[PDB]
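Below: one structure, written as structure tokens.
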Amino acid sequence: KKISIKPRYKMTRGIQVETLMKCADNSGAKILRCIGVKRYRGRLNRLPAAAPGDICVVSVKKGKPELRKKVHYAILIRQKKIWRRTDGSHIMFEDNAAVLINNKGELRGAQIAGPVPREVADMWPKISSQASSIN
Amino acid sequence: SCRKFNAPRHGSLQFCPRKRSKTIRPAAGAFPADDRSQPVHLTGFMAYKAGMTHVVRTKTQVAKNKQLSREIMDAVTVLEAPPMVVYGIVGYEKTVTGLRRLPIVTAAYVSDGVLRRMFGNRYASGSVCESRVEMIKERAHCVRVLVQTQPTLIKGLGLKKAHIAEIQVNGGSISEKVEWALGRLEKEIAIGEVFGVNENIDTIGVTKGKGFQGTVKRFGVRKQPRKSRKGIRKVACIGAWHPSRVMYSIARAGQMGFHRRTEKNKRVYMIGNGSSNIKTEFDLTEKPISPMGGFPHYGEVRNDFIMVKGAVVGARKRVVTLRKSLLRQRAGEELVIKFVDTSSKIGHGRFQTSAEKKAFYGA
Amino acid sequence: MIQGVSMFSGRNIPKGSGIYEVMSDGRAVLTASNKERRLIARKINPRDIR
RNA sequence: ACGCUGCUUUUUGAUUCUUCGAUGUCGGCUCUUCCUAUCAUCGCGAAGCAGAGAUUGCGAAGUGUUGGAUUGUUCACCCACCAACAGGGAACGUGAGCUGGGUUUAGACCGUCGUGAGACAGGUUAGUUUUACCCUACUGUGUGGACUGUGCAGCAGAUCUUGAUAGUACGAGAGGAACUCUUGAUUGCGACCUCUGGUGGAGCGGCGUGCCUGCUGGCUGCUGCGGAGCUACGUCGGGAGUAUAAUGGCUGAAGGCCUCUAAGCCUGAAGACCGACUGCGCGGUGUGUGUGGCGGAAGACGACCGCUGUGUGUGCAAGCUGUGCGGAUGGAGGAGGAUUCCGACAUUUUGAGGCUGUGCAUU
RNA sequence: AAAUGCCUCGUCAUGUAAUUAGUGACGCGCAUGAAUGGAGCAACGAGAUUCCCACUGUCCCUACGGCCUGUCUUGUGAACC
RNA sequence: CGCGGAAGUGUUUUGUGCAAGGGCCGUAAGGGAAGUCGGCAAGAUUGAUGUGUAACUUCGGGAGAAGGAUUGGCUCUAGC
RNA sequence: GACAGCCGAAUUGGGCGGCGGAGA
RNA sequence: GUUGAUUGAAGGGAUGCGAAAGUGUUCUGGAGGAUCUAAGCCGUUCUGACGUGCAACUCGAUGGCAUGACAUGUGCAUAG
């Protein structure tokens, strides 16, 4: 069954296919690579690209030998490209990071390291309850 | 032959051919539909573009919907609109070939800025008024007035030569339209008597000029790869062998900008006068409507102005035509404005109100 | 309306003009311009800038 | 099933009518247009259609139909996304548009064949891509006022999604919808510079190499910040008009019954026409243009928008850089009778000096 | 299955999210094989191949700037067809 | 050598100010070969002095292997 | 006293020759 | 005609180990169709410029070689 994704205002996208991201939960993985984005419909020659909140299709480049050589799902939580909010302010984070997910939407780990944007926290409430800081 | 990988075409054929405009004051293409169960009013106005600024706004949702109140920052445009003068009447009757215009009624004294527009800068080298009023009343399916601007009140344009136009009069009873405009000849009508806050509006003008431009910029086509001989900024194939001619739908190099455009559904935010303090905001300071240093490449605003949301066609100091909406409008969300930015637009201004700068440095 | 105070120069920032940068510890520092983010990257001490 | 009748011109053959005093021969990349034998989106039938999900048929060509790994490939085959990832024509569209991987004369290696010179639609590696300033086509531009009418031509938005409806109708259960309202986006088109980002041989600073005898001040090199203007990675903006197709209905004969049809009538589509929006010719009217000069919001040159002496210079305002020369008080230490000299740099006078094309005033 | 294997993108393993490529192993080998030289890579190579790190306007998707041309003037003043 | 200077030698004094498109160059957010037959082109490393250096090997080599660190100006001390 | 569903006059099965419509 | 550097073979000195046979360390010396760089000479790539050209083979950047099986003026010998 398809995963529902709540509404979100327009943001500049920072992640593309071939970017290497860091894993932020204690599931066993270290480094992920983006191979696809969900909801991408296309345009001739344009690469699919994502912003925080989006779901990505990843491959595990470094981690436990159990997780390797397969295809997974992940949620994006931080990016280094600047984006604008609708009250007029701008914000950026220090790295690119994502977190692993089931086929129904549940987190695979139990802890999450680092801060999280306020946008990501209302789309995904179960990530809100495990974040050490919101903005 | 059959072409794998389809994509949309680059640019629109609605606006080909892309020639310069033949005039700086284009005339409106249509007018709204007359409802003769209202009082008599006008349907348009002419103003001048000054510059852009900020505003912060409270999105009224304070019901216990999950977002009570948001803040929203919006860009706006300011236009300077001195009052206009009426100096004539015009009627049109209906024939088998369409609208035929009847002889015109001039007032008593035509200004010196209306005579420079009609006969050039070197122009200085009765009951028949009453008979023509009877025709516009027996005949004359529709009625229009002749109005002119007063550019000498904005001394940063340097005109002395006025812009003139015809504007339709709406409101019922053709004999009532005429007698309302007979008691208005040679007098002024102000922009606060035409438009009101939170209404949708149309604009008509001419765009910023760019001259002769290449095809990567005029239409948005791809660049060629880096190894390519004979340049990379171009289209590679301009047609098939047959038909053995170039088609009107191929992209070519030529004039870009200075076109006539009509834009619709621009929302009005404020109506005031430049020689007083802008308020209705929820902060205390005085703050006239003009930033520290002035509007760049424009002076100050000292007459009436109007503020609308978003971008507006054209360049600074150029004339624009404002028209009432032709569509159906629902309501308009409730508008609550609580701050208007007036820092310097030259550089990165960090003060409002130069007295605030004076108290930071001391001396 | 003020957005906040610059964490390098001490000056007031107008509404809509800064960039917040969040660090890995959850600390969000606010700076005004690229003149200031460069002095932080080079590791200059603000007390040596008059 | 066994048999039988057709259409297209996308395959490969069959033929040799045109071209050997030469029509540049495969694929890709780029760009435009057409066909319908419709893949998705809109409307509507049938069922071995309970609901959900699909299967089969009709009207319909307006708009869409992607990103990668391996191969020169067309083709093929897998991965990921998707509303869906349909099939074709235009000299097997497109080399004075490109590229040159396939093919590819002259060098060379291997296998098989030949006494040999050499051969192979067998494999491998290295191997020049010339010329428009002519006619036409097409894009702008020019072809001598002001306000408007009305004919012709062009034509634009499309698609997905959140919450509610509702755990409801339907179903033994498991499962599980719709109209109406509502939230956001993706992509196309047309604008704009308030904000954020990029650039900035304008301007100010730092650190050097050579040269002017040294200090001060210059010229030359590298580097930080960087206003105006331009720009996107930034911001803004879409008819409830008329008549119809397939289908479903009303009245009603032929044919005392029956029947949506033979006369008439009602309804009905991302389609047609019209409107709105942009361009051009032709008309009308109490209406006919500043020679020259100087500016710009305009511009290759012509043109267009303005004024008819209101410029230049200077002052203030608003910004960018970052604390000027000279003096005074210090300085790791060294030199030696004078209580002297040498010394990178520091603090102070000093948000200080320099600079500005933007705005206001005055001369 | 090698610059030598027609069938052929041979079969199994390994590197990738995905391998007509690369490497390892197998052998009735159309048509491998011993100075027609066979096996074999220390050192050397502007030789032919595949992968990793680093790095970037190659690309997503283009923008802004410099100098010389072109655009405009005077002089000298051809050719192909 | 490169990057700058002498000596000797050569040289003019009423064309414009810079549209598109070219030839030779400079700077770029976030991503980092997804481009392409093919990393073609560009970017990147670079002097000197301590440190630390593997498989293999014809014992000579491989080797500047790889990998890490230091560097200006001023005022002095020590050796010959 | 037919055909059609007491009514009062025509009803109907096969073929042929021209014409029109699907297949298109 | 041929600049400035890098590497460090044989031969020779000193010093340590050991019953002996032998062997460790380090200076001196300056070999080799050994490694760069200059005067210079060639011609890998851009399939760069140019392509009625500056030119009937040139120009820019990049790259290769530079004590030799070298480069070059002039007398003599070899002819379809």
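Numbers restart at 1 for each chain; the letters A, B, ... are given by sequence-line order, proteins then strands.
In terms of polar N and O atoms assigned as donor or acceptor, the side chain of A:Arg39 never comes within less than 3.5 Å of the base of D:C82 in a complementary pairing. Side-chain to base pairing of B:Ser12 with D:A156: one donor and one acceptor N or O lie within less than 3.5 Å of each other. The base of D:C147 has none of its N or O atoms less than 3.5 Å from a complementary donor or acceptor on the side chain of B:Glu166.
Neighbours D:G255 and D:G256 do not stack on each other, since their six-membered rings do not meet both centres under 5.5 Å apart and planes tilted under 30°. Stacking between H:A66 and H:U67 is absent, since the six-membered rings do not have centres under 5.5 Å apart together with planes under 30°. Stacking status of F:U13 with F:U14: not stacked, per the base-ring test of centres under 5.5 Å and planes under 30°. Judged by ring centres under 5.5 angstrom and plane angles under 30°, F:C40 stacks onto its neighbour F:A41.
For the salt bridge (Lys or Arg N to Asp or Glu O under 4.0 Å) condition, the pairs that include at least one residue of residues 344-360 of chain B, sequence neighbours left out, are B:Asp341-B:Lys345.
Look at C:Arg50 and you'll find a side-chain N or O under 4.0 angstrom from OP1 or OP2 of D:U348. The side chain of B:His348 contributes an N or O atom lying less than 4.0 Å from OP1 or OP2 of D:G227. For D:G188, neither phosphate oxygen OP1 nor OP2 lies less than 4.0 angstrom from any side-chain nitrogen or oxygen of B:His10. Between F:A41 and B:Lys227, no contact under 4.0 Å exists linking OP1 or OP2 to a side-chain N or O. Distances shown here put a side-chain N or O of B:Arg117 below 4.0 Å from the OP1 or OP2 atom of D:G306. Contact check, B:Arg218 against F:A20: no side-chain N or O comes under 4.0 Å of OP1 or OP2. Residue B:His242 places at least one side-chain N or O under 4.0 Å from the OP1 or OP2 atom of D:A91. At F:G31, none of the side-chain N or O atoms of A:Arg33 fall inside 4.0 Å of OP1 or OP2 (strictly under the cut-off). Taking 4.0 angstrom as the limit, B:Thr262 places a side-chain polar atom (N or O) nearer than this to OP1 or OP2 of D:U278.
When heavy atoms are screened at a 4.0 angstrom cut-off, B:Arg323 is found touching the sugar-phosphate backbone but no base atom. When heavy atoms are screened at a 4.0 angstrom cut-off, B:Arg20 is found touching base atoms of the nucleic acid. Heavy atoms of B:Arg132 sit under 4.0 angstrom from at least one base atom. Residue contacts shown for A:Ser59 are limited to sugar-phosphate atoms, with no base heavy atom under 4.0 Å away. Within 4.0 Å (heavy atoms only), C:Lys35 reaches at least one base atom of the nucleic acid. If you check every strand for non-hydrogen atoms under 4.0 Å, B:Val216 touches sugar and phosphate atoms only.
Checking D:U347, D:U194, D:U130 against the side-chain heavy atoms of B:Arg229 singles out D:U130 as nearest. Closest approach to the B:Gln14 side chain among D:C236, D:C155, D:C192 is made by D:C155 (side chain taken as heavy atoms from C-beta onward). When each of D:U94, D:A156, D:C225 is scored by its nearest atom to the side-chain atoms of B:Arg3, the top-ranked nucleotide is D:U94. When the nucleotides F:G32, D:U148, D:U131 are ranked by their closest atom to the side chain of A:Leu20, F:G32 comes out on top.
With P as the reference atom, D:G292 and D:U314 are 35 Å apart, rounded to whole Å.
For D:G255, the glycosidic angle deviates from 0 by more than 90°, giving an anti base. Under the 90° criterion around 0 for the glycosidic angle, D:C133 counts as syn. F:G17 has its base syn relative to the sugar, with a glycosidic angle deviating from 0 by at most 90°. Glycosidic conformation of D:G6 is anti; the angle lies outside 90° of 0. For D:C266, the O4'-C1' to base torsion is more than 90° from 0; the nucleotide is therefore anti.
If you find the closest nucleotide of RNA chain E to A:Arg68 and to B:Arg222, the one lying nearer the 5' end belongs to A:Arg68.
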Query raised in the report: Going 5' to 3' along nucleotides 61-76 of chain D, which nucleotides have protein heavy atoms under 4.0 Å from the base (write B), which only from the sugar-phosphate (write S), and which from neither (write -)?
Result: ---SBSSS-----S--

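Between E:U62 and F:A28 there is a base pair of the Watson-Crick or G-U wobble kind, both of its two distances falling under 3.5 Å.
Stacking between B:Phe212 and F:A20 is absent: the ring centroid is not both under 5.5 Å from the six-membered base ring centre and under 30° in plane angle.
The partner of D:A177 cannot be assigned: no Watson-Crick or G-U wobble pair with both contacts below 3.5 Å exists in any strand. Both distances falling under 3.5 Å, in either a Watson-Crick or a G-U wobble arrangement, occur for no nucleotide opposite G:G17.
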